[PDB]
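So that you can tell them apart, the chains are marked A, B, C, D and E in the order they are listed, and the count of residues begins at 1 in each.
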Amino acid sequence: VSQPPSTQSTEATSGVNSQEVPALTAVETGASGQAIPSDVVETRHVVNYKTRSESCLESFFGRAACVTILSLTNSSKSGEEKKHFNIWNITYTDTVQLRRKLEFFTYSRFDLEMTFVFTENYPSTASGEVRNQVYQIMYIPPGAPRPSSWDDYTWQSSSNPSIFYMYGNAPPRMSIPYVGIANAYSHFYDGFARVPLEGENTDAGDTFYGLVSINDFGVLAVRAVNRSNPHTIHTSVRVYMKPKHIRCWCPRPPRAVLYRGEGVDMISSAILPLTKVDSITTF
Amino acid sequence: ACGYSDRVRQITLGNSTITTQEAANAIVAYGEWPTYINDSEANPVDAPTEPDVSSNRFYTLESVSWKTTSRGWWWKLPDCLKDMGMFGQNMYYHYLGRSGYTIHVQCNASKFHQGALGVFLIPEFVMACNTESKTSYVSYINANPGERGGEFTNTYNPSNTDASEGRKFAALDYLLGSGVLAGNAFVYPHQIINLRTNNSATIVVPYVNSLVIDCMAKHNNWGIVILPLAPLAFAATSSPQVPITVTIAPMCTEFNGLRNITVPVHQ
Amino acid sequence: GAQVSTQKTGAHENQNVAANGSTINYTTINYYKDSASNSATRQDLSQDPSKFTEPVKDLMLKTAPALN
Amino acid sequence: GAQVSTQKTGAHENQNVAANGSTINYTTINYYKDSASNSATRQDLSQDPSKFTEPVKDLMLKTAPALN
Amino acid sequence: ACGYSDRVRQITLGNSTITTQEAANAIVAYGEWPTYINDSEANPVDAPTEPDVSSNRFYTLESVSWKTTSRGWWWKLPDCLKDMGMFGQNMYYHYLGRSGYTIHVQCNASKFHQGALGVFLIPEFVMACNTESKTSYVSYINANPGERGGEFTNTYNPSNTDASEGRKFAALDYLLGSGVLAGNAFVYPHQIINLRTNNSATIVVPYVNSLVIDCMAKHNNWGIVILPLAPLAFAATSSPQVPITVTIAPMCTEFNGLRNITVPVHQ
């Protein structure tokens, strides 16, 4: 049995008239302000039991956030074969909620919990019959051969980790180790994938700059394993990521404006975070 | 003490020495000091090259000028030193390089001036490109200015057409050219040179990365940014000007992977 | 191989003291060979705000002149 | 009849030392009468590359003349 | 031993490694090995720069060619390396430099060739100028050839008039261009590459001077000279040719007096 650390309690204090001035400081030093109630006013004694138990990075990142929505269609019509499967690039930039949070830190390190939610429906009036669907999520790491058709040899997965879902069952989920090839996950990257030497374009680099130019986690090749039926059916698969067993370094300000692309990039369309206030003296 | 003022301070590295009679303490980034790679944290197996004094000294960049119009400035480590004496040579002759630095921003005025520079040292300082026609579109040449470094502006005008204006950072001051309110740039190691208080800024910074040692010629760990949180001002003219000088000194530098020298694209 | 631990004080629970009864114990038995598969790591309330609010070299104490 | 064992060091885990906490223990209870039904056999990192990289009769040591 | 032949030998420094299966031992100049300046022998008071691996490695000079006509070759340390990678940088950025080296002269032929090269390492190798109109008349440019080094001849024709032919060494082989019979060049650390016996020459040499550390850009401590004591010969043609390669490696290098880089006169 143990007692979680509580937030500073307030010890009772009173007047003062010393040469000790906790009120004044010099933030030029780079040090934040330190004063607390006791230093400025007369306080009473207060026993604080409350804890920052929920601001613990593990709690703050303890949610299965949706990262992307993939679509695919099992159809029996002419050009509906390439539709019989889909390939998603692993990343959290597809959305903005989770992304922003992680984006609070320069580097991070964690294990990952993938959770998948499937939702199928009928497109046109082809509201007929179709047996139950069995999907396959295949993780194709960088370097592994990718599926040509919704059914070429690649879906054997003799080495690639694959899930097999039977629509209607509990949302398949699985865990992934910290796989980064670095000592930590890099969230930003003020560099280029390679060094452009003396005799090259006076623009070289514009193609390979940014974290995006060096990061690569492979892709998720989803598909329905059933064959094509009379009526066409459409499925939407949603990817959920929850970074667990985490720890991060170097805090940075939150993304204040809309996100453009995978990089920092802003759009002149929306770069006014704040809001006009009547007057500087308007409560 | 014998009057050991928090204001007066001396710094020495190699054969270089800074002094300052009006500083406001000094800060040590994230509370850690520069260190070398420990046998338990090492990666490259070749015996490293540790330049010591030959490269771990005080290199002074070409001063810039603070005007009532000035919007801000920026630089990149190790970039803004790639040409600094011996440090550079080592930096370029080696594939992998590691280093921390002591940043000393100088800027004296007079008891009759006003002004406040926010000197921030941001790790992994990635800025947005100036062209909404592409993403992460910045040329190596433009990303790595060197001793000159860049400057911040207060306007954002992307060149979706002119592809030679897109390949450069969109140094938007009120957003750090990152898309984050500069008002919170303080969550980074920093100091503020408020003219009525100090005239120097000293920030010691340790290597920072998701790796022990990295490839300097491709990656700039730190980024130095200076924004006038308080506009320069002088009772006399309505066009006052004061010099701002930046002197950087690398520390605990070590390199691995020696070969022929690296010479990047240039104009 | 099970490991028992203290729960998170709930509604009508132990005075915040979390030191009242075994009725606040939860059991845990890791089932997989890979750590990655485990639940959230135990709540850690440690913290050092100073590496951010005061990474100054020479230390200054409230009651003194920040600039001496 | 359960047998506890060490997990595979994960993300925010014990310094590689795998010698930190019981929080790295997983339990195992075989349920079937036939061994074949059991999980993957325990990770065995033993190895003798020599039966392939040096199956030479007379042994030669690096520092010496391979052909004496 | 397990057959530890006096002929086979490996050498390693920095990330460089020489090997040779036919050498004839190796010699250590005057019996002393390279060392650093000891606190009791020091002179410059600034903390020295000791490059270690970055500069103390095996740099290979452009090979030359041994012909039945070849009269000899020569080079100068540190000169013939002033352009060799990192070593050079350090050499030129510092006023004072100190170093010893491991010289490895290579030259393989076949059991059917004849020939014998006398590899001598002469300290303070001063040669006479080619002009009897002046004395000690040699230009810096000519005195310091570099990777190329000079060549010996067997004739002495001074240009008392043409002052551009005087400003160069009179590399008279049978006199070392010094005015001393080469027959006694053996009172210097040396080895002989006799083709029927060996194909390598290894001579480790320690810093030598009337001072602890000196100014490299002005002074060449050692001079490497190779004279065919036995003319190259091959049963086949009457114009045989074999390559001679010279690989030098500095050791225990340390420099004092760091400033802007030195760039000497050139053409």
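FYI, contacts are C-beta pairs under 8 Å (C-beta built on N, C-alpha and C of every residue); 3 or more make two chains touch, one makes a residue touch a chain.
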Just the chain pair, please, that has the highest number of C-beta contacts.
A-B
Of the chains shown, whose Cα mean is nearest the mean of all protein Cα atoms?
B
Centre-to-centre distance between subunit E and subunit A (centres being mean Cα positions), rounded to whole Å
62
State, to the nearest whole Å, the distance from the C-alpha centre of subunit D to the C-alpha centre of subunit E.
55
Centre to centre, by mean C-alpha position, how many angstrom separate subunit A and subunit D?
35
Distance in whole angstrom between the CA centres of subunit A and subunit C is 24
In subunit A, what residues contact two or more other chains?
26, 28-32, 111, 177-178, 244-246, 251
The positions of subunit E in contact with two or more other chains are none
Can you list the residues of subunit D that touch 2 or more other chains?
10-13
Name the touching chain pairs, please: which are they?
A-B, A-C, A-D, B-C, B-E, C-D, D-E
Would you tell me which residues of subunit D are touching subunit C in their complex?
2, 4-5, 7-13, 22-27, 39-40
Can you name the residues of subunit E that touch subunit B in the complex?
14-15, 46-54, 57, 85-86, 89-90, 93-94, 255, 258, 260-261
Please give the residue numbers of subunit B that touch subunit C in the complex, ascending.
5-7, 24-32, 187, 189, 197, 204
For the complex, give me every residue of subunit A touching subunit D.
109-111, 177-178, 244-247
Please output the residues of subunit B touching subunit A within their complex, sorted ascending.
24-25, 27, 30, 76, 122-129, 132, 134-141, 143, 156-158, 163-164, 166-167, 170, 172, 175-181, 184-194, 197-198, 203, 208-212, 215, 217-221, 223, 262-267
